[PDB]
Amino acid sequence: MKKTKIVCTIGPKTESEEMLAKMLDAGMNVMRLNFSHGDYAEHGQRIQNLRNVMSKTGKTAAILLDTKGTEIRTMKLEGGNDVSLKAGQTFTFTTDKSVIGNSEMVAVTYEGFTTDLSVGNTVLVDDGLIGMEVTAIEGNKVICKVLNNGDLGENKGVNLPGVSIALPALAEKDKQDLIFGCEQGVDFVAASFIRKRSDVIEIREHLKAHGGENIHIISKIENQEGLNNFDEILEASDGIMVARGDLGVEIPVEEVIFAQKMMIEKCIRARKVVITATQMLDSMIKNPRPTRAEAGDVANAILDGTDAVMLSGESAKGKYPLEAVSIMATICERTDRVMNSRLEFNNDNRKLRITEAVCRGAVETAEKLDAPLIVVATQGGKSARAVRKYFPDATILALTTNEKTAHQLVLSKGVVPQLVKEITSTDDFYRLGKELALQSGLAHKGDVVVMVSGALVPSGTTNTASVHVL
Amino acid sequence: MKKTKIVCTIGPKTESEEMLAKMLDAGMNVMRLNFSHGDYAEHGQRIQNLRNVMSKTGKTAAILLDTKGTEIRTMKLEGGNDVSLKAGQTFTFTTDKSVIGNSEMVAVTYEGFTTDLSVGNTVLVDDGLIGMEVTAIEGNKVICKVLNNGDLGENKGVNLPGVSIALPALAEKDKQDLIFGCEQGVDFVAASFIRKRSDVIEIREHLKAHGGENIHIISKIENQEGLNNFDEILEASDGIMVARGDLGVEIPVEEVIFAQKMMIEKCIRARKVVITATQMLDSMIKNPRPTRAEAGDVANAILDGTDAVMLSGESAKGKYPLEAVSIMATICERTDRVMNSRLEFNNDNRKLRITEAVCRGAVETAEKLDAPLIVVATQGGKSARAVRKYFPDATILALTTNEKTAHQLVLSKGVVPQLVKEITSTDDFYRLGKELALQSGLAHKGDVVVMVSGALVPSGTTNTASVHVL
Amino acid sequence: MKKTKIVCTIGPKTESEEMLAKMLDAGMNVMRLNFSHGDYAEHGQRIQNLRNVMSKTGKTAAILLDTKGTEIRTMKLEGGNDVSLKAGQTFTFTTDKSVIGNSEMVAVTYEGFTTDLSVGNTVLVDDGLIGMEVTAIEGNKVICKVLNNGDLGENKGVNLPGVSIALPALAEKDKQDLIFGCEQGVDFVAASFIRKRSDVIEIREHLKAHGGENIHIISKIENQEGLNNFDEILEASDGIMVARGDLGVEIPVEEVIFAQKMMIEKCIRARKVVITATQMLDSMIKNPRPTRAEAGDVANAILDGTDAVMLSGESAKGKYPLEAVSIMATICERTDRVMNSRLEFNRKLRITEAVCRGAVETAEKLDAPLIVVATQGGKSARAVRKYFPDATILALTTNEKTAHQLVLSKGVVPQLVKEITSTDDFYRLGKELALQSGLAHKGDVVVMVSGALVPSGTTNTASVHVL
Amino acid sequence: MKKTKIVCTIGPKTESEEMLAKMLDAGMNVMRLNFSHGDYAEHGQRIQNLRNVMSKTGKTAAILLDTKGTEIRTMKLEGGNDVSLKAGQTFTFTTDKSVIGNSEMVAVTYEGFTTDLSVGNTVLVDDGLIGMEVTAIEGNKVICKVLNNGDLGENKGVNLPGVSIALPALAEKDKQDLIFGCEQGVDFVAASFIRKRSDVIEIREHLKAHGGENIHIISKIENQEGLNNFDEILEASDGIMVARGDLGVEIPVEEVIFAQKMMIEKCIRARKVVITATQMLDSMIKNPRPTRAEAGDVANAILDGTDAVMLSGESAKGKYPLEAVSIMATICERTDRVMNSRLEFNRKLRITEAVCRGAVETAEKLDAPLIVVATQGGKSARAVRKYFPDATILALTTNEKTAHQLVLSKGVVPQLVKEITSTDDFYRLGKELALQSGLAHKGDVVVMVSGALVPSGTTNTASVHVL
C-alpha cells in the first residue's frame, strides 16, 4: 500500500456520501475545504457526509479547513474591457477603490500600497504577466513605468517581490471561518499567504480562544516574503503547504524547485507534516489522464520526501475526480516503493536527543530484522512523527486514545492510526500492540514488530523500543 | 560555469553566423540538425556557418545529425475532414495506401501492420488520444473495437505497445542523410525510433562504409520496444537520447520518470553520454519565459545526472531562441552548483578495473586537495568520460590531438576539450597540462591540479594519476 | 574503577578471613581453589572464610573449583638420582608402574601409553626438554630414540603433540571433587586438560546428577588436542580458561599468542566468559614487584578482550600476595581505561544481539555512565558486555547463583533484588538502584535492557531514562 | 617472506664472515655495533667482515652504531664487598670519585649530582632495588634516607625519576665514536640516553661537521626525561629505538607497554623508522629456544607496528645466536602474515600522503603483490610503508646510503639502479626489475609511485601496470 497521503479538495461533484466513499477507496486520506468559496451550510454538510461515511465504513480520514487569506488585486476597468499596456508607458495605481480603471490607471484593494512600496520597486500584475517599476509615489497613487507589453483585465493578482507587505494575517471572514472550524472540530487549518511568524501566532491565538488549541496549523508558503521567513514560520507552525505555482510568480524560476526541496527537507528534520500543492494534476480538470510532465513532477515531490500531495480543482470541480485520485494513488505507490530509509541522526534539538536516538534506533532495528511493522504508542502524535522522520520501509501502526491525534496522523507519511480504549502500562502496550498488529492484517504470525513508546515519562518524549515476534 | 551541456536544434531563425555566435555565448554546446526537414543545401549551410563562427571566435562546438527514422501513421480522410469515433464501434485499418479513410476505416503506411499484430493487441492513434483493440485480422485489414471517444484527423501517429514492430532501422532517405553526415564530418548521429540492437549495428555498418567509423551513435529511446531492449541498445551505442514525450505514449504514465532515471544511471555507469530531450522548455516556442513545471522537470533531469539537455522547437522555429538557451543555461548552472561527486566504484567490466580505479582515485584526490581542475590526456575521449562518471566538482580539461575527439567531448558533462599539437611523454604531458591549465583561466598559481593519462599502454586504458601545483 | 575481573588462587598465606577481606579490597573478584592439592577440610574452610567475609562486609565474590585432571608423567629413578640421556640413544618407556627407571628405561603413569602411540610419533619429557621418537612398541614397552641431550629426573610431564590421548575426562578423584563442588554450591568448575567435546559432556552430566546443573563449566585449554577441538569444546562449555604456559609446551612457540587471541575473540563472540591464566605475575612469588614483561603480557591479554586474569602461586603460596593483586588491579584499571566499544554486529539470537548492540550504541551516543540489565540466568548482562561498553553494567537479578557468576564477567556489577514484577517496575527500581549504587547521579542518562513478554534467554527491550 | 626487519648486535661469536653469512640467511637485516665495549679495531673488522660477505653474496644489510652514552653509577666499596642497607637509615652520596664506599656512604660518577637534586627528590639504586629520599645537600654530598632494605654492590645504576639531569648529550668518548661512524660510512647512529631535543641537535651538528650529514639518527628512549620530551626528540630525529627494559626502571610498570605503543604509533605517523629493543629473546643467551612470554612480547611489538626488532646479547655473546635469529624471523613471518593495511589518512606533505595512501588502497583493490617506488632519500618508500601495505615495497634508488638505510624499514626491498631519466623510463625499468626480483610475475598488477617535475621530498604520481 502507498505511504504518501492524498489531500482532496471537495466540491459539488465529490461532496456526496457515495462519492466520498469512492474517493476514500481510491486513496483519499484528507478532505480539504477551500473556504475561498461556499457558505457554512455547504461546508457543514460536507463535514457531516464524510463523518457519516467514516462511521458506516469504519475508515478514518482528516478534515482540513483552508483559509481564503489576504492579497492585493487590481479592480474594475471601463466597460469591463481589457486594455493593452505598452512597454515604456506610464501607468498609475490608486488606493481609491471607487476609481474605474483604463489603459492609464487602475485601483487596487490594498490601502497600504503607497506605504509599503518605494521608487525602484517592481510591481507584477496577473501572475507576473505584466511587470512595472515604481517611478514616483504621491498621495494615494503609485506611478510606474511598464516594462513589457501585456493586456490588463479586471481583478488580477498583484505581487511585490523584494517588499514586505503589512497585510493582516486574517480578514474578518477568515476569523469567522476559523470559529466555524473550531465548532466543527476540524483536524487542520491551512492558512493562506503566511508571510511571517506573527501571522501564525495570530491564527494560533484565535484558535485557542475558541477551543481549537489542539488543531494543527499548516502554513501555506506562497510568496517570496513567506519563503524568506520560512524558518520562523516553520518553528511557529505544526506543518507546511508548499504552494509551488504561487511561489513561482515572485522568485526566479530556477529557484522554485530548490525552495520546494529545502522546505520539505526542513519539515522532515522538524518532524512536521509537509504537503506539496498546486499544479499537481491540473490537466485532469478536463482530461481523464494526466501528462507525463505532471506525473514526473508529482513523483519527484514524493522522492523529495513530502508527507502528502494535494488535489485542488482536479477533485473539487473537475470532470474526472475519481480518475485523478486513482492515478495519484498509483503514482504514490509506484514512487514510495523505491524509496529507502534515511538513517542519519539529523538531530538539532538537544531536548529531543533521547526521542531521536530511540526512534532512529527502532527504524534501524526494524530494517535489520525485516520487521514489516513499527507499532507506536502516542498521545499527541509526536512518537509516530518521530519514527516517520527516518522513512522506515515498515508501516507505522500508531495506537492512541486521543481522537484528534488519530485523525491528524492520517496526514503523516506511512502512518496507520488506530484509536484504542486505553494503555495502562508498557507490558500492556506490548500485549495490545501484538493483537492489533495481527488484526490490522499488516503483519502475520512469525513477523517481527518493533514497538516504540514512552515509559515513566510524560507525553512528548519517546524512550523505549521493544522487539516482539507475533 | 555550468557543467551540463546544451544541444540546440537549429532552424531558420537561428542558422545565421550572427545568431550562432549569440547561441554559443548563451550556452549552446552542440548544434542539432533535425533531418525530418530541410534539404542538403540548408543543412550544409548551417554546418558551414557554425564552422565559420568556430574558426573566427576559436570557440568549440559539436554537430549532431538527427535521423527522421521510421514510424507507423494513418493517412488521408474523406475531404480531409475529421471524423468522430465512438467507443464500442468497429473500426478497420488497411495496408492499402490508396484507400481514403472515413468514420469506419483508414489506411496506414506500414504493410507489416497485419503481420506484427494479433487479436487482443491494443492500437493507439494520435499520441494515444484514441485506443482500440484488435478483434480480427483478415487479408490486408486489421479490424478493431474502439475503446474511447475521439476525433480522428489525417496523418496521425500509430503506437503498438506490447508488440515488436519489424520496421527497418533506416529508410532510403535516412541512408542518404547518413552518407551526407559522413561527407560533412559530423561528430554525432542521433538515430530515431531505435527498437533493438540490430538497428544500431545496421547504422554502424552504414557509417563504416562511408568513412564515419569515428562518428558516435546516439540511440533515441522513444517507445516501449526500445525501452525493453535498452541494455543491448546501450551496449551497441556510444550514447542515448531519452525522448520522454514519445516514450510516455506507450508505457504507463507513472513509469516514465523511472525509465528516465534508470536509463541515465546506466549511461553514467557505462561511461556513455546521455541527452534528455523533448518537452523541456516547449512553452517558450511562444512565451519569453518558461513555466515553473518546465524549469523543475529540466533541473530534476540534471539531478538525475544527464550529460546534456536538448532544445527542439524552442531554438529551431520558436520566437525566443536566445531567451530559451539563456534560461536553460541558468537552470544548468543553478542545478550543477549543488551536485556532489559520486565516489562509489560502480565497476562492472573487469577489463576496465584499472581505468576505473585510477579515475575514481583521481576524483577522490582532487576533492581532498580542493583541486579546481582535472587535466586528462585522451586520444578517443575514454579517459575524460571515465573521470566524468564520478561527477567531479573539478572541471575536466581534456587534452587531445584528435579533432573528432575534441568535438565529441563537448557533449560530455563538465569537460572542456583542448586540441594540442602533440604529447610525447608522461612528463611532457605534465609540463604542457600545467601551462594550459593556467592559460585556460580555469586554475591559477598555487592551485592543485590532478593529471590523468595512460603511460606505456595503448589507447583505451587510463593507468596514471599525478598531482601538481601550478 | 577497573572492569577486568581478577581470579585469585587462595592458599595458606591468603585463606584467613583477615587476608580475604584485604584481597577483595585490593581487587580480587573470584576465589580459585586448586584441587591439585589440599583436602576437603582445607577447601571447605576457605569457602567458609570467604562467605563469612562476604556476609560481614556485604562484598560479593564468586567461587571457582579447579580440577586436578589427568596427565602422563614419568615415575621413579634408581636411588632417586637423575640420569643423563644422550642424543641418539635408545630409551624405553614402560606402563608397568612398579619399574624403577635408569638411563635406559623409566615407567609412566598412563596404561594406554602403548595403545595411543605409534612408530614415528614424538615423545616430549619434562616441559619438552627431552624429545624422542617412537621406534617400536612391544607389549608394555614403547621403545624410542632420544633426539637431544638432557637430564631426566623423577615424576616429569610427558607430552604427545599430534596424538590423541584416550585419557578419561575425569579421574575418580575429579568425580569426587566435582561432587564436593556441588555440596558447596560453587559458582564455577574449571576442568583441567579438556581434550574434546565428550569430556565437557561427561562433566555436564556428572554435575547434573549431583544437583550442580546451574554450575558453569570453564574448559581449560592446555594442550594441542584441546586447541584443535576448541570450537566444539567452547560450544559445550560456559567459558574458557586459556592456560598459556601449558599450551606453549605442545604447539610451536610462535602460535601461542595467536591461540590466545583466537580463543578470547571466539569466547567474546559466543557471549561466554574467558579467563587468561598461567605465567601472569609469577616473579612476584619471590619479588614485591613484577617484571616489565609480565605487566605487558597481562595488559595485552586485557587489550585482546579477556573477561578476567588469574593469579596462581602469586596469591596461593607467594611472599607478596596483596602486592600481586594490587599491581594486577592497577594494570587492569590502566588498560581498561583506554579500551573502546566494539559495535560490530545464531539466527535464534538475532533479536538479543540487535537490542544489546543498539543499547550500547545508544548509551555511548548519550554519554550514559550505566547500562542497567534485568537478568535471570545472566545472558542479557553477558550479551551487553560482548560490545565492550564504556558504561558499567548494573545487572539486577533474583537468582543468587547468577549474581555470583556475573562477578567473573567484564565490567558487570551484579545486584541481588527481591523481585521484578513488570517492565515499568524494572525501570522504577533500576533508576533507584542506579542512584543508590553511586555509579550514576541525578541528571545522568541510563539505558535499561530487559526481556518483556518473553521467557529467559532472550533480551528484547531497551529504554532510556534520566535519573 | 617477513616484512619486519631484524637488528642483530654482532659480537665475538657472530663476527666471522662465515657466521655473518648464516645470520643474513636466517633473517638478519641490520648489524648493530654496541660501542659500550670493543675498540675501533674490533668494530672496524666487523664492518669489514659484513661488507666482504655483502660483496661476495650480493646480499644487502645496514650498519648501525650504538653509542655508550652517559649515566650515573655508584662506585667502589671497601674491600669490594657488598654492604647491607637498612630501611630508615641515613645514607650519603658524594661526587668525590676517590671515596671508597661502605654501609654509610658511596661515591657516584656524576659531578652534577649535588646540583641537579633537591631536598625531597627520590634516588633509585641498582635498577630501582633500593629507593632513597634526599634529606639535605651540603657541599659535595647528597644526604638521604633509605626507603627499603637492600644489598648495595659496586658500580650500580642510579636513576632520578622526575628530575632533569644536566648530563651532556655526548661524552668525549661518544664524540670520538661518532667520528669513527663517519669514517666508516655507517647507515645509522643510535644515541643512548637521549633526554631532550638539544641532545639530538648536538649529534646532528657533530655528524654534519664530520661528513655524516646523510647518517640517520635513531634516538634511544630509555628514561622518564626522554619519554616526557618524546615529541620534540622524534621531530629532531630520523627514528626511535624503544628500550623497554631501561624505561621500566624509571616509570610506573603499568605505563611501559603504553609508552611503547604510543612511541611506535607516533613514529609510524611521522614516517620515521622505529626499533623495539631490550628484553626480546634474552633467555636464548643460555637456552636453544625462547619462552612463551618472550615470543608473545615480540609478536605484540610487531602488531603494535614496529619497523624492526632487535637482538642484543642473544646474538652478540650468547650460546645460540643463529637459533635466536631463526626463531625471531619465524615470529616475524607468522605475525606480519596476519596484519592488515591501515588506510586512514603537515600541510606541506598533504600531496605525498594523498598519493601514497591512494597507491596502497589501489594496490589492495587490484591484488597487486608489489608497489615499486622511485626514491632518492627514501621518503617515498617510508611514506608508502606508513599504511602497512600487504604488497612488498620495491624501492629503486641511485643513492647507496638510501639503499642501505631502507633495509631497516618494514616490508621494503631496496634495489640500487644506475639512473632513472624520466617517469616513463621509471615504469619501463620498474616492470623489468619487478619481474627480475621474483616478487611478481607475468600478469600481476604493480602500482608504481614516484615524484614527477618536483624535487626530492615529495611523492606526487601513482601508476598501475600489468607485468
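Residues numbered from 1 in each chain as written, not as in the entry; some residues may be left out. Chains lettered and ligands numbered in written order. Heavy atoms only, no water. Residues with missing side-chain atoms left out of burial classes, pairs and counts.

Structure determination for this entry is recorded as X-ray crystallography, at 2.1000 Å resolution.

Per the PDB entry, chain C goes by the name Pyruvate kinase and belongs to Escherichia coli. Listed in UniProt under the heading Sequence similarities (unreviewed entry), the comment for chain C reads: "Belongs to the pyruvate kinase family." On record in UniProt, under Pathway (unreviewed entry), the comment for chain C is "Carbohydrate degradation; glycolysis; pyruvate from D-glyceraldehyde 3-phosphate: step 5/5." (UniProt positions renumbered as here; feature names shortened; annotations may be inferred.)

You'll find chain A entered in the PDB entry as Pyruvate kinase, with Escherichia coli given as the organism. Reading the Catalytic activity (unreviewed entry) entry of the UniProt record for chain A gives the comment "pyruvate + ATP = phosphoenolpyruvate + ADP + H(+)".

Enquirer: Any chance you could explain the overall build of chain A here in plain terms?
Expert: A tally of helices and strands in chain A yields 16 helices and 22 strands. Here the C-alpha radius of gyration of chain A, 24 Å, is about what a compact globule of 470 residues would show, namely 23 Å. Once the C-alpha set of chain A is aligned to its principal axes, its extents read approximately 75 × 50 × 45 Å. Sequence separation of 24 or more characterises 67% of the internal contacts of chain A that already satisfy a separation of 6 or more. (Helix = DSSP H or I, 4+ residues; strand = E, 2+ residues; numbered from the N terminus. Rg over C-alpha atoms; globule rule 2.2 N^0.38 Å. Contact = heavy atoms within 4.5 Å.)

Enquirer: How should the interface of chain B and chain A be read in this particular structure?
Expert: When the parts come together, some accessible area is lost, and that loss is often what is quoted as the size of the interface. Listed per partner, the contact involves 28 residues of chain B and 28 residues of chain A. At the level of elements, α9 (256-269), α10 (292-304) and α12 (321-336) of chain B are the ones that each hand at least two residues to the side of chain B that touches chain A. It is α10 of chain B that provides the largest number of residues to the side of chain B that touches chain A, a total of seven residues.

Enquirer: Can you help me understand the relation of the copies chain D and chain C in this one?
Expert: For the pair of chain copies, the relating transformation is a rotation about an axis with a translation along it. Taken as rigid bodies, chain D and chain C are interconverted by a rotation of 180° and an axial shift of 0.0 Å, the fit giving an RMSD of 0.0 Å. Taken together, the rotation and translation relating the two chain copies correspond to the operation of a two-fold axis. The position closest to the rotation axis in chain D is occupied by the C-alpha of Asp-297 of chain D, lying 3.3 Å away. With an isologous cut-off of 70% or more, the 100% of interface residues of chain D that recur at the interface of chain C puts this contact in the isologous class. (Least-squares fit on C-alpha atoms.)

Enquirer: Whenever I open this one, the pairing of strand β2 (residues 28-34) of chain D confuses me. Can you help?
Expert: All names here are of chain D. Most of β2 is tucked away: six of the seven residues are buried. Bridging between strand β1 (residues 5-9) and β2 involves four bridges; their strand directions are parallel. The residue of β2 that forms the bridge with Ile-6 is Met-28. For the segment spanning β1, helix α1 (residues 17-26) and β2, crossover handedness is right-handed. Looking at chain direction, β2 and strand β3 (residues 62-66) are connected through five bridges and run parallel. Residue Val-30 lies in a different strand from β3, and its bridge partner there is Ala-62. Crossover β2 to β3 through helix α2 (residues 40-57) is right-handed. (Buried < 20%, exposed > 50% of the residue type's maximum accessible area, 1.4 Å probe, protein only. Pairing = 2+ DSSP bridges. Right-handed = clockwise from strand over helix to strand, strands pointing away.)

Enquirer: How do you make sense of the packing of aromatic side chains when you look at a structure like this?
Expert: The geometry of an aromatic ring pair is captured by the separation of the ring centres together with the interplanar angle, meaning the angle of the planes. For the structure shown, the criterion picks out 24 aromatic pairs over all chains. Taken together, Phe-35, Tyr-40 and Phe-180 of chain A form an aromatic cluster joined through their ring pairs. Sitting above the plane of the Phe-258 of chain B ring, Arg-334 of chain A keeps its charged end 4.2 Å from the centroid. (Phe/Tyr/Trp six-rings, centres within 6.5 Å; stacked < 30°, edge-to-face > 60°. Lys NZ or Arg CZ within 6 Å of the ring centre and 35° of its normal.)

Enquirer: How should the sheet that holds strand β8 (residues 122-125) of chain A be read in this particular structure?
Expert: Hydrogen bonds between backbone groups are what pair the strands of a sheet, and the pairing can be parallel or antiparallel. All names here are of chain A. Reading across the sheet, the seven strands line up as β4-β12-β8-β9-β10-β6-β7 and stay open at both edges, with mixed pairing between neighbours. Two strands bound the open sheet, and with one partner strand each, they are β4 (72-73) and β7 (105-107). Of the strand pairs in this sheet, strand β6 (residues 90-94) and strand β10 (residues 141-146) are connected by five bridges, and their pairing is antiparallel. Bridged to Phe-93 within β10 is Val-142.

Enquirer: Explanation requested: the relation of the copies chain B and chain A in the structure shown.
Expert: With an RMSD of 0.0 Å, chain B superimposes on chain A once it is rotated by 180° and translated 0.0 Å along the axis. Residue by residue, 100% of the interface of chain B is reproduced at the interface of chain A, so both copies engage with the same surface.

Enquirer: Just checking my understanding: could you explain the sheet that holds strand β8 (residues 122-125) of chain C for this structure?
Expert: Residues and elements named next belong to chain C. Strands sit in the order β4-β12-β8-β9-β10-β6-β7 across an open sheet of seven strands; the sheet is mixed. What marks the edges here is a single partner per strand, and that holds for β4 (72-73) and β7 (105-107). Across six bridges, strand β9 (residues 130-138) lies against strand β10 (residues 141-146) in antiparallel orientation. For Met-132, the partnering residue across the bridge sits in β10 and is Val-146.

Enquirer: Help me out: how do you make sense of the state of the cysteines in this one?
Expert: Think of a disulfide as a covalent bridge from one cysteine sulfur atom to another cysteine sulfur atom. All names here are of chain D. Per the stated rule, a full pass over the model turns up zero disulfides over all chains. There is no disulfide at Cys-356, and the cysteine sulfur nearest it, in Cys-267, is 18 Å away. Note on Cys-356: relative accessible area 0%, which makes it buried. (Disulfide = S-S within 2.5 Å.)

Enquirer: I'm lost on the pattern of salt bridges in this one. Help?
Expert: A side chain of one charge can pair with a side chain of the opposite charge when the charged atoms of the two come close. A full pass over the atoms with the stated rule returns 110 salt bridges over all chains. Here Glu-42 of chain C ties to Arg-46 of chain C by a salt bridge, and the two come within 3.7 Å at their closest N and O atoms. Residue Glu-42 of chain C and its partner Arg-46 of chain C are located together in helix α2 (residues 40-57), separated by four residues, close to a single helical turn. Accessibility expressed as a relative area gives 6% for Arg-46 of chain C, which makes it buried. A cluster of three or more residues bridged by salt bridges with shared partners is formed by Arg-360 and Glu-364 of chain A together with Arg-357 and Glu-361 of chain C. (Salt bridge = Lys/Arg side-chain N within 4 Å of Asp/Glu carboxyl O.)

Enquirer: I keep staring at the packing of helix α4 (residues 172-184) of chain B against helix α5 (residues 197-208) of chain B and nothing clicks. Help me out?
Expert: When two helices pack together, their arrangement is captured by the angle between the axes and the distance separating the axes. Residues and elements named next belong to chain B. Following both chains from N to C, one finds α4 and α5 inclined at 50°, their axes separated by 9 Å at the closest point. On the basis of the axis angle, α4 is oblique to α5. At the point where α4 passes α5, the crossing takes the right-handed sense. Within the contact between the two elements, α4 uses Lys-175, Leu-178 and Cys-182 and α5 uses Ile-203, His-206 and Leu-207. Grouping the constituent residues of the contact of α4 with α5 by class yields four nonpolar, one polar and one charged. (Axes fitted to C-alpha atoms, helices over the stretch in contact; angles between N-to-C directions. Parallel < 35°, antiparallel > 145°, perpendicular 65-115°, else oblique. Left-handed = near helix turned anticlockwise from the far one by under 90°. Nonpolar A, V, L, I, M, F, W, Y, C, P; charged D, E, K, R; others polar.)

Enquirer: For this particular structure, what's the right way to read the interface of chain D and chain C?
Expert: Contacts between chain D and chain C engage 26 residues on the former and 26 residues on the latter. With both sides pooled, the region where chain D packs onto chain C buries about 2,300 Å², and carbon together with sulfur makes up 62% of that total. If you sort the residues of chain D by the area they bury against chain C, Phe-258, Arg-292 and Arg-334 of chain D come out on top, with a joint share of 32%. Along the contact surface separating chain D from chain C lie four salt bridges. In this structure, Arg-334 of chain C and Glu-255 of chain D form a salt bridge, with 3.0 Å as the shortest nitrogen-oxygen distance. Remark: the boundary between chain D and chain C carries 10 residue pairs in polar contact. In terms of residue count, the dominant contributor to the side of chain D that touches chain C is helix α10 (residues 292-304) of chain D (seven residues). Split by residue class, the side of chain D that touches chain C holds 11 nonpolar, seven polar and eight charged. (Buried area = accessible area lost by both parts, 1.4 Å probe. Polar contact = N/O pair within 3.5 Å; in protein donor to acceptor, adjacent residues only side chain to side chain.)

Enquirer: How should I be thinking about the packing of α2 of chain D against helix α4 (residues 172-184) of chain D in this particular structure?
Expert: Residues and elements named next belong to chain D. Between α2 and α4, whose axes approach to 12 Å, the crossing angle comes to 25°. In this view, α2 runs roughly parallel relative to α4, as classed from their interaxial angle. The interaxial crossing formed by α2 with α4 has right-handed handedness. For the pair formed by α2 and α4, the contact residues are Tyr-40, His-43, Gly-44, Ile-47 and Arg-51 on the first element and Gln-176, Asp-177, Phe-180 and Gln-184 on the second. Partitioned by chemical class, the residues of the contact of α2 with α4 number three nonpolar, four polar and two charged.

Enquirer: Where do I start with the environment of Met-105 of chain D in this structure?
Expert: Residues and elements named next belong to chain D. With respect to the secondary-structure elements, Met-105 resides in strand β7 (residues 105-107). Residue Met-105 is classed as partly exposed on the basis of its relative accessible area, which comes to 23%. A C-alpha to C-alpha distance of 9.9 Å links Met-105 and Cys-144, two positions 39 residues apart in sequence. Excluding residues within four positions of it along the chain, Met-105 makes contact with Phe-91, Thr-92, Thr-94, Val-99 and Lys-141.

Enquirer: Sorry, what's going on with the arrangement of the chains here?
Expert: At no point do chain B and chain C touch; the closest pair of C-alpha atoms across them sits 22 Å apart. The smallest C-alpha distance separating chain A from chain D is 22 Å, and no contact links them.

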